[PDB]
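Each answer follows from the model by the rule given with it, or from the source it names; no laboratory instrument gave them. Methodologically, a virtual Cβ is constructed for each residue, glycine included, from the backbone with ideal geometry; neighbour enumeration extends over all protein chains shown.
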Amino acid sequence: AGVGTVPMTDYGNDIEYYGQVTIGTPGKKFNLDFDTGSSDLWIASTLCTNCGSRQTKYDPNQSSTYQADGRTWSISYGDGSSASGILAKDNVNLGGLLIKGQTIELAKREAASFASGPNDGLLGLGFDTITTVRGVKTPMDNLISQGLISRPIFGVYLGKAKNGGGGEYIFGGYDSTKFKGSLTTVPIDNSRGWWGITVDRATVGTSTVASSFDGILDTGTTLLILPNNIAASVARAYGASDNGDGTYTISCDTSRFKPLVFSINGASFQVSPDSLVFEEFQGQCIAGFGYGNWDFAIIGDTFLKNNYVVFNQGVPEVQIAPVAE
């Protein structure tokens with residue numbers, strides 16, 4: 001693979017994708033979740049007392065470049081999952097790019113959801129303003145300052161499970177074989193530490209199910225989470241019923257459904273009919289969209305697996321285009 005290219009592995013039904021990263025000297029390989037919704041880099045360590053037995057754990061004793069740090073960390077995510085531990089410093093190899101002296105966060109405790117998960121930790125790709133510890137430079141920050149990438153960008157391709165899954169992140173560049181047509185530039189609002197964009201409107205067929213609303217591009221989230229009114233308006237278009245827990249039950253037969261189209265900065269981007277179904281359990285299908293108590297939308301995987309995105313932390317901005325297939 002090229003310099004800065006990190007092949008991804010699709011877990012389950014497009015639930016989440018993870019890439020391998022090498023940490024320490026000589027170093028171990030860890031499967032990390034690439035999350036644009038957060039900005040901390042944490043991993044399971046041999047100091048953890050409730051971590052999954054299947055997770056690969058970082059061992060300070062086995063790295064000659066390990067450097068102790070007297071600070072502790074604690075993080076709580078939206079989905080209720082959590083973890084805490086101590087800070088440390090060591091080298092991180094990202095797709096051949098060797099970040100020296102990256103601040104890493106070793107877990108001493110983690111929620112059961114992580115212990116049972118397929119990954120060994122998270123690689124946060126959000127902005128520096130939301131790192132849990134003040135003064136910590138994110139991996140992207142260091143790739144830039146150490147001259148490991150000439151442009152402050154990363155191209156993201158998330159494959160659909162029905163197409164062999166897969167995925168690919170490219171730091172410092174992007175891959176045009178993954179998308180069709182021209183890229184559309186969309187300004188980013190990073191005031192809250194996330195990759196926030198404005199969606200002009202959403203339509204299903206000839207019906208405008210939503211006018212302009214704000215959202216954030218979150219690879220760390222599976223579903224397309226919309227504000228209450230917007231979700232209800234969308235659900236009515238597909239005749240889906242509210243499950244009461246923030247999800248919808250939708251017909252498993254999407255052959256008759258029309259795509260959910262997002263108008264962003266003048267161009268059209270969609271969530272194909274097949275992406276409208278997230279999971280099928282015993283003949284029952286859960287919709288690819290849900291709802292929460294937020295004034296903004298959380299644009300997760302469902303959308304990203306349909307559109308290639310080039311994240312530019314420098315401007316900041318993003319470039320989007322329909323995936324090729």
Problem set entry | Hits in the stretch 101-142 (condition: aliphatic (A, V, I, L, M) and either buried (at least 23 other Cβ atoms within 10 Å of the Cβ) or not assigned by CATH to the domain that holds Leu41 (or both)) | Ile104, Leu106, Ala107, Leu122, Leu123, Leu125, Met140
Problem set entry | Leading residue by the ranking (nearest to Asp79 (Cα to Cα)) among those in the stretch 203-245 that are among the polar types (S, T, N, Q) and crowded, with 20+ Cβ neighbours inside 10 Å | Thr221
Problem set entry | From the options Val271, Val318, residue that is surrounded by 20 or more Cβ atoms within 10 Å (Cβ to Cβ), in contact with a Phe, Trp or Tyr (Cβ under 9 Å, 6 or more places away or on another chain), closer than 18 Å to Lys178 by Cβ and without any contact (Cβ under 8 Å) to a residue 60 or more places away in the chain | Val271
Exercise. Among strands (runs of 3 or more DSSP E) lying entirely in the stretch 197-255, which contain 1 or more residues that are under 28 Å from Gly283 (Cα atoms)?
Worked result: 201-204, 207-210, 224-227, 248-250
Problem set entry | Selection status of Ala68, loosely packed, with under 14 Cβ neighbours inside 10 Å, among the hydrophobic types (A, V, I, L, M, F, W, C) and in the same structural domain as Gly135 (by CATH) | yes
Seminar exercise, completed: Residue pairs qualifying under the 6 Å Cβ cut-off, at least six apart or on distinct chains, with the first in the stretch 251-262 being free of Cβ contacts under 8 Å to residues at least 24 places away in the same chain and the second being among the β-branched types (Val, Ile, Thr), are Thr254/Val277
Seminar exercise, completed: Over the stretch 102-157, the set of residues under 28 Å from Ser176 (Cα atoms), in a helix (DSSP H, G or I) and hydroxyl-bearing (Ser, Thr, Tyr) is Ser145
Problem set entry | Residue satisfying condition, being under 27 Å from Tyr157 (Cβ atoms) and either out of contact with any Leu (no Cβ under 8 Å at 6 or more places or on another chain) or outside the structural domain of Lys162 (by CATH) (or both), within set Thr208, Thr198 | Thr198
Seminar exercise, completed: In the stretch 35-74, anything among the acidic types (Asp, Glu) and either out of contact with any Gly (no Cβ under 9 Å at 6 or more places or on another chain) or without any contact (Cβ under 8 Å) to a residue 60 or more places away in the chain (or both) is listed as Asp59, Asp69
Problem set entry | Listing of strands (runs of 3 or more DSSP E) fully contained in the stretch 1-82 that carry 3 or more residues being in contact with a strand residue (DSSP E or B) (Cβ under 6 Å, 6 or more places away or on another chain) and among the hydroxyl-bearing types (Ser, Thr, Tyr) | 16-23, 67-76
Seminar exercise, completed: Exactly one of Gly290, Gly314 is in a strand (DSSP E or B) and not aliphatic (A, V, I, L, M), and that residue is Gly290
